[PDB]
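All residue numbers for the sequence shown refer to the numbering used here, where the first residue is 1 and numbers rise by one. C-beta: ideal position from N, C-alpha, C; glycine also. Working notes, structure below.
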Amino acid sequence: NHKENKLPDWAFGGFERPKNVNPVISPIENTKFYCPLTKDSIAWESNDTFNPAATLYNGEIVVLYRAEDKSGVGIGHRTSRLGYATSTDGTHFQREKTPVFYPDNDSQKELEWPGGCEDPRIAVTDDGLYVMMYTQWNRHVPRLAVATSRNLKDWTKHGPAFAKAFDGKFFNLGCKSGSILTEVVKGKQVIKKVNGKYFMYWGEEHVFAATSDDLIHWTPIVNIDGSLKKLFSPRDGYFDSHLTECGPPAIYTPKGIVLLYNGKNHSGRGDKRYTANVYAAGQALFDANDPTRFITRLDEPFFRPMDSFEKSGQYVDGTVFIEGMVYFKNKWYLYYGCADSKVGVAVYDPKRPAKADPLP
Numbered sequence: 001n002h003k004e005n006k007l008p009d010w011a012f013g014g015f016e017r018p019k020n021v022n023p024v025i026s027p028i029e030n031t032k033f034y035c036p037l038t039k040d041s042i043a044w045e046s047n048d049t050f051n052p053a054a055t056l057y058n059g060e061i062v063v064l065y066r067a068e069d070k071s072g073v074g075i076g077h078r079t080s081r082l083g084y085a086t087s088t089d090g091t092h093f094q095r096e097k098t099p100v101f102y103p104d105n106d107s108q109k110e111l112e113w114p115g116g117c118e119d120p121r122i123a124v125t126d127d128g129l130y131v132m133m134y135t136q137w138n139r140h141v142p143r144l145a146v147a148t149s150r151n152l153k154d155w156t157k158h159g160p161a162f163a164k165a166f167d168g169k170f171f172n173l174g175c176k177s178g179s180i181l182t183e184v185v186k187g188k189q190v191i192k193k194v195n196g197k198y199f200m201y202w203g204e205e206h207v208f209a210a211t212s213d214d215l216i217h218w219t220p221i222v223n224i225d226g227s228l229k230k231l232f233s234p235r236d237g238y239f240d241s242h243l244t245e246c247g248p249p250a251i252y253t254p255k256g257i258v259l260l261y262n263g264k265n266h267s268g269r270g271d272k273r274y275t276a277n278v279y280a281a282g283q284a285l286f287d288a289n290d291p292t293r294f295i296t297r298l299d300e301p302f303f304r305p306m307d308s309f310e311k312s313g314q315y316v317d318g319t320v321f322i323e324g325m326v327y328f329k330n331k332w333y334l335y336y337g338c339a340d341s342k343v344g345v346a347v348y349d350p351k352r353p354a355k356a357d358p359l360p
């Protein structure tokens, strides 16, 4: 009656959850991995498999999922490693039994041990260079870092994204969640340049931005006084009242640049229509000619917890965190974390758009 969640003509959606497919990736007890830092075998994906990256490779959808062992108690006390899975249809995945990206006795050990490597986002260049933006976690400072690959298995760690910018001014900056700007060209979503440089939206507490000449060394967009330039922020009385966290890579379209993001509801300044302290997905629109120029955002989340697989004993009313997205066989596949423990998929079909999740 009053629960119809109409989307404006610039937004993606609705993303419909296919019947009997979810969750697509869940924790596995039996799979073991020899951790070079722990010096012992561990059930690296026995507790949680969530917050995934997604991309296209060899006519197949590849997903890298954040996996955690039972090495700790609660929030950020386990070790995160990235699992690898491939799919021919976007709904059924074939996983490897060992992680493809993890902390090791390499140049990033101090930054990645013992929290590991979290929440990946992957975009690909015109020529097949996959660029991963992920979080380095050592239980002290979270850092947005970069890793490159050509086969999505053998990764090269380049360290924190903002390590060199302005003489190392932001090396110790606590940050995460980087959504590189992309565009669909000849049926393929690739990293796009604007104004001569590569571009990225990033942040958890606010949506910031950054540019780069080589996709490795990023320079944050700053104000006259050198402070980080806030593009938009959490707002009172809405679902995105505590956090406005970047989701999958941003997409340059004819109507403008769309950033799909995750909003966390504030318990004191949020909207009680939605669950407190959990995530629901939103979308923001930026000017095509100026990517830092905010136009608008959705007043209601387009995707939120609806089914039991997106819920748990820990999160009774559920929580979803969008992070992977692939244009495959003329449809959009959205990959997201479910209750910080499973991976889910939802599909948007441009030729027959479904309704978004209804309002509560």
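{"Asked": "Return yes when the Cβ of residue 202 is within less than 8 Å of the Cβ of residue 174, no when it is not.", "Found": "no"}
{"Asked": "Enumerate, from N- to C-terminal direction, the unbroken alpha helix (DSSP H) stretches of 4 or more residues contained entirely within the stretch 110–171.", "Found": "165–168"}
{"Asked": "Can you tell me where the beta strand (DSSP E) with residue 200 in it begins and where it stops?", "Found": "197–202"}
{"Asked": "Which residues does DSSP list as the beta-bridge partners of residue 245?", "Found": "262"}
{"Asked": "DSSP beta-bridge partners for residue 296?", "Found": "285"}
{"Asked": "Taking contact to mean at least 3 C-beta pairs separated by less than 8 Å, is the stretch 322–334 in contact with the stretch 36–49?", "Found": "no"}
{"Asked": "Ends of the beta strand (DSSP E) at residue 361?", "Found": "An answer regarding residue 361 cannot be provided, because it is not within the stretch 1 to 360 covered by the chain."}
{"Asked": "Looking at residue 62 and residue 152, is the spacing between their C-beta atoms short of 8 Å?", "Found": "yes"}
{"Asked": "Are residue 265 and residue 278 close, meaning C-beta to C-beta below 8 Å?", "Found": "yes"}
{"Asked": "Would you call residue 236 buried or exposed, if buried means 16 or more other Cβ atoms sit within 10 Å of its Cβ?", "Found": "exposed"}
{"Asked": "With H, G and I counted as helix, E and B as strand and the rest as coil, what does DSSP make of residue 4?", "Found": "coil"}
{"Asked": "In whole angstroms, give me the CA-to-CA distance for residue 338 and residue 163.", "Found": "32 Å"}
{"Asked": "For the stretch 13–31 and the stretch 340–353, state whether three or more C-beta atom pairs, one from each stretch, are separated by less than 8 Å.", "Found": "yes"}
{"Asked": "Output needed for residue 10: all residues of its chain with C-beta closer than 8 Å, excluding positions within five of it in sequence on either side, in chain order.", "Found": "253, 255, 256, 258 and 285"}
{"Asked": "Are residue 231 and residue 204 closer than 8 Å when you measure CB to CB?", "Found": "no"}
{"Asked": "Do you know offhand how far residue 147's Cα is from residue 46's?", "Found": "25 Å"}
{"Asked": "Taking the alpha-carbon positions, what's the residue 241 to residue 319 distance?", "Found": "15 Å"}
{"Asked": "Do the stretch 50–62 and the stretch 116–129 meet, that is, are 3 or more Cβ pairs less than 8 Å apart?", "Found": "yes"}
{"Asked": "On the criterion of 16 or more Cβ atoms from any shown chain inside 10 Å, does residue 172 qualify as buried, or is it exposed?", "Found": "exposed"}
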